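Enquirer: Numbering (PDB author numbering), first residue to last: 1 to 77. Have a look at this one.
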């Protein structure tokens, strides 16, 4: 038959139904709030790091550890 011609306008009409408008507006519809989601991962890096902070470094490691074993008084000092 000649259905190949008729269906060509019906298939072309499908493309008018698919559109790109909704897929383009979807991006703007986020209003860059989706970008903040990615910032939450960055914020989580500081939120955990600053929270732990090695217990304010209260491990007594920042002191004169070596001097606690040997004071080096045997030398000239």
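We treat Cβ as the ideally placed atom computed from N, Cα and C, and that holds for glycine.
Ends of the alpha helix (DSSP H) at residue 13?
Expert: Numbered from 1 along the chain shown, position 13 holds the residue referred to as residue 13. Residues 3-18.
Enquirer: Could you have a look at residue 69 and say whether DSSP puts it in helix, strand or coil?
Expert: Against the chain shown, residue 69 aligns to sequence position 69. In the structure shown, the three-state DSSP call for residue 69 is helix.
Enquirer: If you draw a straight line from the C-alpha of residue 10 to the C-alpha of residue 20, how long is it?
Expert: Taking the first residue of the chain shown as 1, we reach residue 10 at position 10. Taking the first residue of the chain shown as 1, we reach residue 20 at position 20. Going from the Cα of residue 10 to the Cα of residue 20 covers about 18 Å.
Enquirer: Can you grab the Cα-Cα spacing for the pair residue 60 / residue 77, in whole Å?
Expert: Position 60 of the chain shown, counted from the first residue, corresponds to residue 60. Position 77 of the chain shown, counted from the first residue, corresponds to residue 77. Those two C-alpha atoms are separated by around 23 Å.
Enquirer: For residue 59, does the three-state DSSP call read helix, strand or coil?
Expert: If you number the chain shown from 1, residue 59 lands on position 59. Residue 59: coil per DSSP, three-state reduction.
Enquirer: Grab me the residues of residue 15's own chain with a C-beta within less than 6 Å of its C-beta, minus the 5 sequence neighbours each way, in chain order.
Expert: As a working mapping, residue 15 is identified with position 15 in the chain shown. Nothing meets the Cβ criterion.
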